[PDB]
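Listing of protein.cif; format and content: mmCIF, N, CA and C atoms.
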```cif
data_upload
#
loop_
_atom_site.label_atom_id
_atom_site.label_comp_id
_atom_site.auth_asym_id
_atom_site.auth_seq_id
_atom_site.Cartn_x
_atom_site.Cartn_y
_atom_site.Cartn_z
N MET Z 1 111.95 107.44 80.20
CA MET Z 1 111.83 105.98 80.47
C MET Z 1 110.90 105.74 81.68
N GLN Z 2 110.41 104.50 81.82
CA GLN Z 2 109.51 104.09 82.92
C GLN Z 2 110.26 103.16 83.90
N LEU Z 3 109.65 102.90 85.06
CA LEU Z 3 110.15 101.92 86.04
C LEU Z 3 109.39 100.60 85.83
N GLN Z 4 110.13 99.59 85.35
CA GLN Z 4 109.60 98.25 85.05
C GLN Z 4 109.75 97.34 86.28
N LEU Z 5 108.61 96.86 86.82
CA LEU Z 5 108.57 95.93 87.96
C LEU Z 5 108.01 94.58 87.47
N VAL Z 6 108.79 93.50 87.67
CA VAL Z 6 108.44 92.13 87.24
C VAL Z 6 108.32 91.23 88.48
N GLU Z 7 107.09 90.93 88.88
CA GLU Z 7 106.80 90.14 90.08
C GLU Z 7 106.90 88.65 89.75
N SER Z 8 107.33 87.87 90.74
CA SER Z 8 107.64 86.44 90.60
C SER Z 8 107.68 85.78 91.99
N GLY Z 9 107.93 84.45 92.03
CA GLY Z 9 108.01 83.69 93.28
C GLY Z 9 106.64 83.31 93.86
N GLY Z 10 105.57 83.62 93.10
CA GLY Z 10 104.19 83.33 93.52
C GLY Z 10 103.85 81.85 93.39
N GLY Z 11 103.19 81.30 94.43
CA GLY Z 11 102.83 79.89 94.47
C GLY Z 11 101.81 79.59 95.56
N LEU Z 12 101.39 78.32 95.64
CA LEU Z 12 100.42 77.84 96.65
C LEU Z 12 101.13 77.18 97.84
N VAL Z 13 100.63 77.47 99.05
CA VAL Z 13 101.15 76.92 100.32
C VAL Z 13 99.99 76.84 101.33
N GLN Z 14 100.05 75.89 102.28
CA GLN Z 14 98.98 75.67 103.28
C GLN Z 14 98.89 76.82 104.31
N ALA Z 15 97.71 76.92 104.96
CA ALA Z 15 97.45 77.90 106.03
C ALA Z 15 98.36 77.65 107.25
N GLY Z 16 99.15 78.68 107.61
CA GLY Z 16 100.18 78.59 108.66
C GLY Z 16 101.58 78.40 108.08
N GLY Z 17 101.65 78.21 106.75
CA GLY Z 17 102.92 78.03 106.03
C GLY Z 17 103.59 79.35 105.66
N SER Z 18 104.56 79.29 104.74
CA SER Z 18 105.37 80.46 104.35
C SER Z 18 105.80 80.35 102.88
N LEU Z 19 106.08 81.52 102.27
CA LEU Z 19 106.42 81.64 100.83
C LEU Z 19 107.29 82.89 100.62
N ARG Z 20 108.36 82.76 99.81
CA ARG Z 20 109.21 83.90 99.42
C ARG Z 20 108.81 84.40 98.02
N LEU Z 21 108.66 85.73 97.91
CA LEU Z 21 108.33 86.43 96.67
C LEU Z 21 109.56 87.17 96.14
N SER Z 22 109.53 87.49 94.85
CA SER Z 22 110.62 88.18 94.15
C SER Z 22 110.04 89.27 93.22
N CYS Z 23 110.87 90.27 92.91
CA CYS Z 23 110.53 91.38 92.01
C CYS Z 23 111.80 91.90 91.32
N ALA Z 24 111.89 91.71 89.99
CA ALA Z 24 112.99 92.20 89.17
C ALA Z 24 112.70 93.66 88.77
N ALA Z 25 113.57 94.59 89.21
CA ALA Z 25 113.40 96.03 88.98
C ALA Z 25 114.39 96.50 87.89
N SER Z 26 113.83 97.12 86.85
CA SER Z 26 114.57 97.65 85.69
C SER Z 26 113.93 98.99 85.25
N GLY Z 27 114.47 99.58 84.17
CA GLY Z 27 114.02 100.89 83.68
C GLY Z 27 114.65 102.01 84.49
N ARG Z 28 113.83 102.82 85.20
CA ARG Z 28 114.33 103.86 86.12
C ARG Z 28 114.99 103.23 87.36
N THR Z 29 115.93 103.97 87.97
CA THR Z 29 116.61 103.53 89.19
C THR Z 29 115.62 103.53 90.37
N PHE Z 30 115.22 102.32 90.81
CA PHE Z 30 114.33 102.13 91.98
C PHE Z 30 115.03 102.61 93.28
N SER Z 31 116.36 102.81 93.20
CA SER Z 31 117.17 103.40 94.28
C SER Z 31 116.89 104.92 94.46
N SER Z 32 116.03 105.49 93.60
CA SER Z 32 115.51 106.86 93.72
C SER Z 32 114.00 106.83 94.10
N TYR Z 33 113.48 105.63 94.42
CA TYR Z 33 112.04 105.38 94.67
C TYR Z 33 111.84 104.48 95.90
N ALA Z 34 110.65 104.59 96.51
CA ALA Z 34 110.16 103.62 97.50
C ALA Z 34 109.07 102.77 96.83
N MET Z 35 109.15 101.44 97.00
CA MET Z 35 108.22 100.48 96.37
C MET Z 35 107.46 99.72 97.46
N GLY Z 36 106.17 99.46 97.20
CA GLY Z 36 105.32 98.71 98.12
C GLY Z 36 104.62 97.55 97.44
N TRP Z 37 104.28 96.53 98.23
CA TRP Z 37 103.48 95.38 97.79
C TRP Z 37 102.02 95.63 98.17
N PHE Z 38 101.15 95.54 97.17
CA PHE Z 38 99.69 95.66 97.29
C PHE Z 38 99.06 94.36 96.77
N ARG Z 39 97.81 94.05 97.13
CA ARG Z 39 97.15 92.79 96.66
C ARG Z 39 95.69 93.02 96.31
N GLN Z 40 95.14 92.06 95.54
CA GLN Z 40 93.71 92.00 95.20
C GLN Z 40 93.35 90.62 94.63
N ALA Z 41 92.07 90.23 94.80
CA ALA Z 41 91.43 89.06 94.14
C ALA Z 41 90.00 88.82 94.72
N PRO Z 42 89.81 88.63 96.09
CA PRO Z 42 88.48 88.37 96.67
C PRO Z 42 87.72 89.68 97.00
N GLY Z 43 87.11 90.29 95.95
CA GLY Z 43 86.34 91.54 96.11
C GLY Z 43 87.20 92.74 96.49
N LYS Z 44 88.49 92.69 96.11
CA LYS Z 44 89.52 93.65 96.54
C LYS Z 44 90.07 94.47 95.36
N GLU Z 45 90.46 95.72 95.67
CA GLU Z 45 91.37 96.55 94.84
C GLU Z 45 92.79 96.41 95.43
N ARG Z 46 93.81 97.05 94.81
CA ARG Z 46 95.18 97.07 95.38
C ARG Z 46 95.16 97.75 96.76
N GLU Z 47 95.21 96.92 97.81
CA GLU Z 47 95.16 97.36 99.21
C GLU Z 47 96.59 97.38 99.77
N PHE Z 48 96.86 98.32 100.70
CA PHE Z 48 98.16 98.43 101.38
C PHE Z 48 98.46 97.14 102.17
N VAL Z 49 99.51 96.42 101.74
CA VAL Z 49 100.03 95.23 102.43
C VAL Z 49 101.32 95.62 103.16
N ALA Z 50 102.28 96.16 102.40
CA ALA Z 50 103.59 96.58 102.91
C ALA Z 50 104.23 97.61 101.96
N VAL Z 51 105.08 98.49 102.50
CA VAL Z 51 105.90 99.46 101.72
C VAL Z 51 107.32 99.49 102.31
N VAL Z 52 108.33 99.60 101.44
CA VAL Z 52 109.74 99.71 101.83
C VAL Z 52 110.41 100.82 101.01
N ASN Z 53 111.35 101.55 101.63
CA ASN Z 53 112.27 102.43 100.90
C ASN Z 53 113.41 101.59 100.32
N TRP Z 54 114.04 102.11 99.26
CA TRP Z 54 115.15 101.44 98.54
C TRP Z 54 116.28 100.99 99.50
N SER Z 55 116.59 101.84 100.49
CA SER Z 55 117.66 101.60 101.47
C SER Z 55 117.32 100.43 102.42
N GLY Z 56 116.01 100.19 102.61
CA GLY Z 56 115.50 99.32 103.68
C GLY Z 56 115.43 100.05 105.02
N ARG Z 57 115.57 101.39 104.94
CA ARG Z 57 115.60 102.31 106.09
C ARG Z 57 114.23 102.32 106.81
N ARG Z 58 113.16 102.27 106.01
CA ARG Z 58 111.78 102.24 106.51
C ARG Z 58 111.00 101.07 105.89
N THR Z 59 110.38 100.27 106.77
CA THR Z 59 109.45 99.20 106.42
C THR Z 59 108.10 99.48 107.12
N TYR Z 60 107.01 99.42 106.34
CA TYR Z 60 105.64 99.69 106.80
C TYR Z 60 104.80 98.43 106.54
N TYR Z 61 103.93 98.06 107.49
CA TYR Z 61 103.12 96.83 107.41
C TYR Z 61 101.66 97.12 107.81
N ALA Z 62 100.73 96.53 107.06
CA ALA Z 62 99.29 96.57 107.36
C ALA Z 62 98.95 95.55 108.45
N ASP Z 63 97.95 95.86 109.30
CA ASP Z 63 97.59 95.04 110.49
C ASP Z 63 97.20 93.59 110.12
N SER Z 64 96.70 93.39 108.89
CA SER Z 64 96.30 92.07 108.37
C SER Z 64 97.52 91.12 108.23
N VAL Z 65 98.68 91.71 107.91
CA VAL Z 65 99.91 90.97 107.54
C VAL Z 65 101.12 91.39 108.43
N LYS Z 66 100.86 92.24 109.43
CA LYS Z 66 101.91 92.85 110.27
C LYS Z 66 102.56 91.80 111.19
N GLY Z 67 103.88 91.92 111.40
CA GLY Z 67 104.63 91.03 112.30
C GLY Z 67 105.08 89.73 111.64
N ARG Z 68 104.39 89.33 110.55
CA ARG Z 68 104.63 88.04 109.86
C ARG Z 68 105.11 88.26 108.41
N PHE Z 69 104.91 89.47 107.86
CA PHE Z 69 105.50 89.86 106.56
C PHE Z 69 106.75 90.71 106.81
N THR Z 70 107.71 90.62 105.88
CA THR Z 70 108.94 91.42 105.88
C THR Z 70 109.39 91.65 104.43
N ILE Z 71 109.82 92.88 104.09
CA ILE Z 71 110.36 93.20 102.75
C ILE Z 71 111.90 93.26 102.85
N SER Z 72 112.57 92.94 101.74
CA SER Z 72 114.03 93.06 101.57
C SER Z 72 114.32 93.44 100.12
N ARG Z 73 115.51 94.01 99.84
CA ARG Z 73 115.94 94.33 98.47
C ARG Z 73 117.47 94.50 98.39
N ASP Z 74 118.07 93.85 97.39
CA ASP Z 74 119.47 94.05 97.00
C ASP Z 74 119.50 95.17 95.95
N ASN Z 75 120.00 96.35 96.36
CA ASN Z 75 120.09 97.54 95.49
C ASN Z 75 121.15 97.34 94.39
N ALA Z 76 122.22 96.59 94.74
CA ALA Z 76 123.32 96.26 93.82
C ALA Z 76 122.85 95.31 92.70
N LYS Z 77 122.01 94.32 93.08
CA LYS Z 77 121.49 93.30 92.14
C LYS Z 77 120.07 93.65 91.64
N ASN Z 78 119.54 94.79 92.12
CA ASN Z 78 118.27 95.39 91.64
C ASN Z 78 117.03 94.47 91.84
N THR Z 79 117.08 93.58 92.85
CA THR Z 79 116.00 92.60 93.09
C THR Z 79 115.39 92.80 94.49
N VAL Z 80 114.05 92.83 94.54
CA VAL Z 80 113.26 92.93 95.78
C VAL Z 80 112.68 91.55 96.12
N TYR Z 81 112.52 91.27 97.42
CA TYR Z 81 111.95 90.02 97.94
C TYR Z 81 110.89 90.35 99.00
N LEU Z 82 109.89 89.46 99.16
CA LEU Z 82 108.84 89.60 100.19
C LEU Z 82 108.69 88.26 100.92
N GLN Z 83 109.15 88.23 102.18
CA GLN Z 83 109.08 87.06 103.05
C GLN Z 83 107.69 87.00 103.72
N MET Z 84 106.83 86.11 103.21
CA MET Z 84 105.53 85.81 103.82
C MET Z 84 105.71 84.68 104.83
N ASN Z 85 105.32 84.92 106.09
CA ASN Z 85 105.35 83.90 107.16
C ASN Z 85 103.93 83.77 107.74
N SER Z 86 103.52 82.53 108.08
CA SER Z 86 102.22 82.22 108.72
C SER Z 86 101.03 82.80 107.90
N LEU Z 87 100.90 82.32 106.65
CA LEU Z 87 99.85 82.79 105.72
C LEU Z 87 98.46 82.30 106.16
N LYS Z 88 97.60 83.27 106.47
CA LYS Z 88 96.18 83.05 106.80
C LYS Z 88 95.41 82.75 105.49
N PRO Z 89 94.30 81.93 105.53
CA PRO Z 89 93.55 81.52 104.29
C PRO Z 89 93.02 82.70 103.42
N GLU Z 90 92.95 83.90 104.02
CA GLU Z 90 92.43 85.13 103.38
C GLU Z 90 93.42 85.74 102.36
N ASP Z 91 94.72 85.40 102.48
CA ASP Z 91 95.82 86.08 101.74
C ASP Z 91 95.92 85.64 100.25
N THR Z 92 95.03 84.72 99.81
CA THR Z 92 94.96 84.26 98.42
C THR Z 92 94.59 85.45 97.49
N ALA Z 93 95.62 85.99 96.80
CA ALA Z 93 95.49 87.20 95.98
C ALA Z 93 96.71 87.38 95.07
N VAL Z 94 96.53 88.20 94.03
CA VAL Z 94 97.62 88.62 93.14
C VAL Z 94 98.28 89.91 93.71
N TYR Z 95 99.57 89.80 94.07
CA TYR Z 95 100.35 90.90 94.67
C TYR Z 95 101.08 91.72 93.59
N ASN Z 96 100.71 93.00 93.48
CA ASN Z 96 101.33 93.95 92.55
C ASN Z 96 102.32 94.85 93.31
N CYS Z 97 103.54 94.96 92.76
CA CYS Z 97 104.56 95.88 93.24
C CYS Z 97 104.32 97.25 92.58
N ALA Z 98 104.17 98.28 93.41
CA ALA Z 98 103.81 99.62 92.98
C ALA Z 98 104.73 100.65 93.66
N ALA Z 99 105.46 101.42 92.84
CA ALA Z 99 106.47 102.38 93.31
C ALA Z 99 106.11 103.81 92.89
N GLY Z 100 106.83 104.77 93.48
CA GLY Z 100 106.70 106.18 93.13
C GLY Z 100 106.93 107.08 94.33
N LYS Z 101 106.20 108.21 94.34
CA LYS Z 101 106.21 109.17 95.44
C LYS Z 101 105.27 108.69 96.57
N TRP Z 102 105.84 108.37 97.74
CA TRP Z 102 105.07 108.14 98.97
C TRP Z 102 104.92 109.48 99.71
N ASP Z 103 103.69 109.78 100.16
CA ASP Z 103 103.33 111.09 100.72
C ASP Z 103 102.82 110.93 102.16
N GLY Z 104 101.62 110.34 102.28
CA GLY Z 104 100.91 110.24 103.56
C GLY Z 104 99.44 109.97 103.33
N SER Z 105 98.89 110.58 102.25
CA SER Z 105 97.51 110.36 101.79
C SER Z 105 97.28 108.86 101.49
N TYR Z 106 96.21 108.28 102.10
CA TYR Z 106 95.91 106.84 102.00
C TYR Z 106 95.15 106.49 100.69
N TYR Z 107 94.93 107.50 99.83
CA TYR Z 107 94.39 107.31 98.47
C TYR Z 107 95.44 106.55 97.62
N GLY Z 108 95.22 105.23 97.46
CA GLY Z 108 96.17 104.33 96.80
C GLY Z 108 96.18 104.47 95.28
N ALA Z 109 96.88 105.51 94.80
CA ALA Z 109 97.09 105.76 93.36
C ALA Z 109 98.61 105.92 93.11
N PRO Z 110 99.32 104.82 92.66
CA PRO Z 110 100.78 104.84 92.45
C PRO Z 110 101.19 105.53 91.13
N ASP Z 111 102.46 105.96 91.06
CA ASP Z 111 103.07 106.53 89.84
C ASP Z 111 103.42 105.40 88.87
N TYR Z 112 103.98 104.32 89.43
CA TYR Z 112 104.37 103.10 88.70
C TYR Z 112 103.79 101.88 89.40
N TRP Z 113 103.44 100.85 88.61
CA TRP Z 113 102.90 99.58 89.10
C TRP Z 113 103.32 98.45 88.16
N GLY Z 114 103.33 97.22 88.69
CA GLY Z 114 103.79 96.05 87.96
C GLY Z 114 102.64 95.18 87.44
N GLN Z 115 102.99 93.94 87.08
CA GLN Z 115 102.10 92.96 86.43
C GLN Z 115 101.22 92.25 87.48
N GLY Z 116 101.88 91.75 88.54
CA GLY Z 116 101.22 91.02 89.63
C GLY Z 116 101.66 89.56 89.68
N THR Z 117 101.91 89.05 90.90
CA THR Z 117 102.27 87.65 91.15
C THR Z 117 101.16 86.96 91.97
N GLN Z 118 100.51 85.95 91.34
CA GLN Z 118 99.42 85.19 91.95
C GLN Z 118 99.97 84.23 93.02
N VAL Z 119 99.64 84.51 94.29
CA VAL Z 119 99.90 83.60 95.42
C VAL Z 119 98.57 83.02 95.91
N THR Z 120 98.61 81.77 96.34
CA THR Z 120 97.45 81.07 96.90
C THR Z 120 97.84 80.48 98.25
N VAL Z 121 96.94 80.57 99.22
CA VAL Z 121 97.08 79.91 100.52
C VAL Z 121 95.90 78.95 100.70
N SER Z 122 96.24 77.64 100.71
CA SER Z 122 95.28 76.55 100.87
C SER Z 122 94.52 76.72 102.19
N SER Z 123 93.21 76.98 102.06
CA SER Z 123 92.30 77.25 103.18
C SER Z 123 91.96 75.95 103.94
N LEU Z 124 91.04 76.07 104.91
CA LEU Z 124 90.61 74.97 105.79
C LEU Z 124 91.75 74.59 106.75
N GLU Z 125 91.67 75.15 107.97
CA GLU Z 125 92.59 74.87 109.09
C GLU Z 125 92.59 73.37 109.47
N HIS Z 126 91.43 72.70 109.20
CA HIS Z 126 91.27 71.23 109.24
C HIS Z 126 91.12 70.65 110.67
N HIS Z 127 91.78 71.28 111.68
CA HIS Z 127 91.85 70.72 113.04
C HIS Z 127 90.47 70.75 113.73
N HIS Z 128 89.77 69.60 113.67
CA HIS Z 128 88.52 69.38 114.41
C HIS Z 128 88.86 69.06 115.88
N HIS Z 129 90.00 68.33 116.06
CA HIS Z 129 90.55 67.91 117.36
C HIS Z 129 89.60 66.87 118.02
N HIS Z 130 88.50 67.37 118.61
CA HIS Z 130 87.39 66.57 119.16
C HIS Z 130 86.10 67.41 119.06
N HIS Z 131 84.94 66.76 119.20
CA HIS Z 131 83.64 67.47 119.26
C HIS Z 131 83.34 67.83 120.74
#
```

Would you mind writing the structure in this file as structure tokens?
Amino acid sequence: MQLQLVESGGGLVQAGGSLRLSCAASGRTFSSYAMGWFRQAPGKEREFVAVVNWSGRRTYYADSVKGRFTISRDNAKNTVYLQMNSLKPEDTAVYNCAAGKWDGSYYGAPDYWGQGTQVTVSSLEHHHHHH
């Protein structure tokens, strides 16, 4: 059998806003795996955004999204969540949940990967203030 990841909770929100993401995990026991959120859309491949172990014992964050992103997961209810806070206009991308063996090598080739959840962050900070 395979590990089925179903991404959801994707939507549009303004720059400086926040959005909660979801991921329904089925197939293989994700409690035997570590899963990470990767993204792509503006000239991008699946880039390291965040990674979490099933326990929540280890959380890893990329400098682009660090301090303002957080991962969570209910192992009993088999559902993962991604708390996006203070979304910069650059974060407009489809986020794919990708699980398997985490090693150390930064060559981003996962064992399992999902469909992808399209999130948008409304650009233009707008504040001219004064000239």

Check the DSSP output for the backbone and give back, as an MDAnalysis selection string, the residues of stretch 17-127 of chain Z in strand (DSSP E or B).
-> chainID Z and resid 18:27 34:40 47:53 59:61 69:74 79:85 93:100 112:113 117:122

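Atom C of residue Z:70 to atom CA of residue Z:97 spans 12.9 Å [interatomic distance, one decimal].
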
Would you mind listing what lies within 6 Å of residue Z:8 as a ChimeraX atom specification, with only C-alpha atoms counted and same-chain residues fewer than 2 positions away left out?
-> /Z:10,22-23,117

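Pairwise distance (atom CA of residue Z:38, atom CA of residue Z:89) equals 16.9 Å.
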
Check the DSSP output for the backbone and give back, as number ranges by chain, the residues of chain Z in helix (DSSP H, G or I).
-> Z: 30-32, 89-91

Quick one: apply the PyMOL selection byres ((chain Z and resi 46-62) around 7) to the file and drop the selected residues here as a ChimeraX atom specification.
-> /Z:30-40,44-45,63-67,71-73,75,108

Shell of 5 Å around residue Z:112, only N, CA and C atoms, local chain residues under 4 positions omitted, as number ranges by chain | Z: 98-100

Written file, previous selection with N, CA and C atoms, as a short mmCIF file (atom, residue, chain, number, x, y, z; two decimals), in the coordinates of the input:
```
data_model
loop_
_atom_site.label_atom_id
_atom_site.label_comp_id
_atom_site.auth_asym_id
_atom_site.auth_seq_id
_atom_site.Cartn_x
_atom_site.Cartn_y
_atom_site.Cartn_z
N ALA Z 98 104.17 98.28 93.41
CA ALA Z 98 103.81 99.62 92.98
C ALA Z 98 104.73 100.65 93.66
N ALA Z 99 105.46 101.42 92.84
CA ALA Z 99 106.47 102.38 93.31
C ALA Z 99 106.11 103.81 92.89
N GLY Z 100 106.83 104.77 93.48
CA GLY Z 100 106.70 106.18 93.13
C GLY Z 100 106.93 107.08 94.33
#
```

Output the residue selection produced by the PyMOL selection byres (((chain Z and resi 18 and name CA) around 6) and name CA) on the file above, formatted as a list in words.
-> residues 17, 19, 84, 85 and 86 of chain Z

Measuring atom to atom with all atoms listed in the file, identify which of Z:68, Z:25, Z:5, Z:81 is nearest to residue Z:116.
->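 Residue with the minimum atom-to-atom distance to residue Z:116: Z:5.
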
Have stretch 85-108 of chain Z completed to N, CA, C and O atoms, please, and pass it along as a PDB file, in the frame of the given file.
```
ATOM      1  N   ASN Z  85     105.320  84.920 106.090  1.00  0.00           N
ATOM      2  CA  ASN Z  85     105.350  83.900 107.160  1.00  0.00           C
ATOM      3  C   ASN Z  85     103.930  83.770 107.740  1.00  0.00           C
ATOM      4  O   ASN Z  85     103.218  84.780 107.827  1.00  0.00           O
ATOM      5  N   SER Z  86     103.520  82.530 108.080  1.00  0.00           N
ATOM      6  CA  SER Z  86     102.220  82.220 108.720  1.00  0.00           C
ATOM      7  C   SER Z  86     101.030  82.800 107.900  1.00  0.00           C
ATOM      8  O   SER Z  86     100.289  83.668 108.378  1.00  0.00           O
ATOM      9  N   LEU Z  87     100.900  82.320 106.650  1.00  0.00           N
ATOM     10  CA  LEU Z  87      99.850  82.790 105.720  1.00  0.00           C
ATOM     11  C   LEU Z  87      98.460  82.300 106.160  1.00  0.00           C
ATOM     12  O   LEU Z  87      98.204  81.102 106.238  1.00  0.00           O
ATOM     13  N   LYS Z  88      97.600  83.270 106.470  1.00  0.00           N
ATOM     14  CA  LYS Z  88      96.180  83.050 106.800  1.00  0.00           C
ATOM     15  C   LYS Z  88      95.410  82.750 105.490  1.00  0.00           C
ATOM     16  O   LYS Z  88      95.780  83.287 104.454  1.00  0.00           O
ATOM     17  N   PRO Z  89      94.300  81.930 105.530  1.00  0.00           N
ATOM     18  CA  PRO Z  89      93.550  81.520 104.290  1.00  0.00           C
ATOM     19  C   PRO Z  89      93.020  82.700 103.420  1.00  0.00           C
ATOM     20  O   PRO Z  89      92.699  82.515 102.240  1.00  0.00           O
ATOM     21  N   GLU Z  90      92.950  83.900 104.020  1.00  0.00           N
ATOM     22  CA  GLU Z  90      92.430  85.130 103.380  1.00  0.00           C
ATOM     23  C   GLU Z  90      93.420  85.740 102.360  1.00  0.00           C
ATOM     24  O   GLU Z  90      93.012  86.509 101.474  1.00  0.00           O
ATOM     25  N   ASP Z  91      94.720  85.400 102.480  1.00  0.00           N
ATOM     26  CA  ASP Z  91      95.820  86.080 101.740  1.00  0.00           C
ATOM     27  C   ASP Z  91      95.920  85.640 100.250  1.00  0.00           C
ATOM     28  O   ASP Z  91      96.812  86.123  99.530  1.00  0.00           O
ATOM     29  N   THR Z  92      95.030  84.720  99.810  1.00  0.00           N
ATOM     30  CA  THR Z  92      94.960  84.260  98.420  1.00  0.00           C
ATOM     31  C   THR Z  92      94.590  85.450  97.490  1.00  0.00           C
ATOM     32  O   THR Z  92      93.421  85.862  97.422  1.00  0.00           O
ATOM     33  N   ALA Z  93      95.620  85.990  96.800  1.00  0.00           N
ATOM     34  CA  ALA Z  93      95.490  87.200  95.980  1.00  0.00           C
ATOM     35  C   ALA Z  93      96.710  87.380  95.070  1.00  0.00           C
ATOM     36  O   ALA Z  93      97.768  86.781  95.292  1.00  0.00           O
ATOM     37  N   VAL Z  94      96.530  88.200  94.030  1.00  0.00           N
ATOM     38  CA  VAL Z  94      97.620  88.620  93.140  1.00  0.00           C
ATOM     39  C   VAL Z  94      98.280  89.910  93.710  1.00  0.00           C
ATOM     40  O   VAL Z  94      97.618  90.945  93.875  1.00  0.00           O
ATOM     41  N   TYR Z  95      99.570  89.800  94.070  1.00  0.00           N
ATOM     42  CA  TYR Z  95     100.350  90.900  94.670  1.00  0.00           C
ATOM     43  C   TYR Z  95     101.080  91.720  93.590  1.00  0.00           C
ATOM     44  O   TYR Z  95     101.954  91.198  92.904  1.00  0.00           O
ATOM     45  N   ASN Z  96     100.710  93.000  93.480  1.00  0.00           N
ATOM     46  CA  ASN Z  96     101.330  93.950  92.550  1.00  0.00           C
ATOM     47  C   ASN Z  96     102.320  94.850  93.310  1.00  0.00           C
ATOM     48  O   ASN Z  96     101.979  95.440  94.337  1.00  0.00           O
ATOM     49  N   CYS Z  97     103.540  94.960  92.760  1.00  0.00           N
ATOM     50  CA  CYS Z  97     104.560  95.880  93.240  1.00  0.00           C
ATOM     51  C   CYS Z  97     104.320  97.250  92.580  1.00  0.00           C
ATOM     52  O   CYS Z  97     104.242  97.343  91.356  1.00  0.00           O
ATOM     53  N   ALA Z  98     104.170  98.280  93.410  1.00  0.00           N
ATOM     54  CA  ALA Z  98     103.810  99.620  92.980  1.00  0.00           C
ATOM     55  C   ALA Z  98     104.730 100.650  93.660  1.00  0.00           C
ATOM     56  O   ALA Z  98     104.784 100.725  94.892  1.00  0.00           O
ATOM     57  N   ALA Z  99     105.460 101.420  92.840  1.00  0.00           N
ATOM     58  CA  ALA Z  99     106.470 102.380  93.310  1.00  0.00           C
ATOM     59  C   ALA Z  99     106.110 103.810  92.890  1.00  0.00           C
ATOM     60  O   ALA Z  99     105.211 104.034  92.076  1.00  0.00           O
ATOM     61  N   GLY Z 100     106.830 104.770  93.480  1.00  0.00           N
ATOM     62  CA  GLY Z 100     106.700 106.180  93.130  1.00  0.00           C
ATOM     63  C   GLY Z 100     106.930 107.080  94.330  1.00  0.00           C
ATOM     64  O   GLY Z 100     107.740 106.767  95.214  1.00  0.00           O
ATOM     65  N   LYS Z 101     106.200 108.210  94.340  1.00  0.00           N
ATOM     66  CA  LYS Z 101     106.210 109.170  95.440  1.00  0.00           C
ATOM     67  C   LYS Z 101     105.270 108.690  96.570  1.00  0.00           C
ATOM     68  O   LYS Z 101     104.054 108.586  96.360  1.00  0.00           O
ATOM     69  N   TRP Z 102     105.840 108.370  97.740  1.00  0.00           N
ATOM     70  CA  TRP Z 102     105.070 108.140  98.970  1.00  0.00           C
ATOM     71  C   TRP Z 102     104.920 109.480  99.710  1.00  0.00           C
ATOM     72  O   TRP Z 102     105.893 110.233  99.852  1.00  0.00           O
ATOM     73  N   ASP Z 103     103.690 109.780 100.160  1.00  0.00           N
ATOM     74  CA  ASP Z 103     103.330 111.090 100.720  1.00  0.00           C
ATOM     75  C   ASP Z 103     102.820 110.930 102.160  1.00  0.00           C
ATOM     76  O   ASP Z 103     103.485 111.313 103.126  1.00  0.00           O
ATOM     77  N   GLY Z 104     101.620 110.340 102.280  1.00  0.00           N
ATOM     78  CA  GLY Z 104     100.910 110.240 103.560  1.00  0.00           C
ATOM     79  C   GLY Z 104      99.440 109.970 103.330  1.00  0.00           C
ATOM     80  O   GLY Z 104      98.808 109.221 104.085  1.00  0.00           O
ATOM     81  N   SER Z 105      98.890 110.580 102.250  1.00  0.00           N
ATOM     82  CA  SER Z 105      97.510 110.360 101.790  1.00  0.00           C
ATOM     83  C   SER Z 105      97.280 108.860 101.490  1.00  0.00           C
ATOM     84  O   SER Z 105      98.054 108.238 100.753  1.00  0.00           O
ATOM     85  N   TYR Z 106      96.210 108.280 102.100  1.00  0.00           N
ATOM     86  CA  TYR Z 106      95.910 106.840 102.000  1.00  0.00           C
ATOM     87  C   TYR Z 106      95.150 106.490 100.690  1.00  0.00           C
ATOM     88  O   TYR Z 106      94.773 105.329 100.478  1.00  0.00           O
ATOM     89  N   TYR Z 107      94.930 107.500  99.830  1.00  0.00           N
ATOM     90  CA  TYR Z 107      94.390 107.310  98.470  1.00  0.00           C
ATOM     91  C   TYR Z 107      95.440 106.550  97.620  1.00  0.00           C
ATOM     92  O   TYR Z 107      96.427 107.146  97.169  1.00  0.00           O
ATOM     93  N   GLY Z 108      95.220 105.230  97.460  1.00  0.00           N
ATOM     94  CA  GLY Z 108      96.170 104.330  96.800  1.00  0.00           C
ATOM     95  C   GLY Z 108      96.180 104.470  95.280  1.00  0.00           C
ATOM     96  O   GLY Z 108      95.566 103.676  94.572  1.00  0.00           O
TER      97      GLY Z 108
END
```
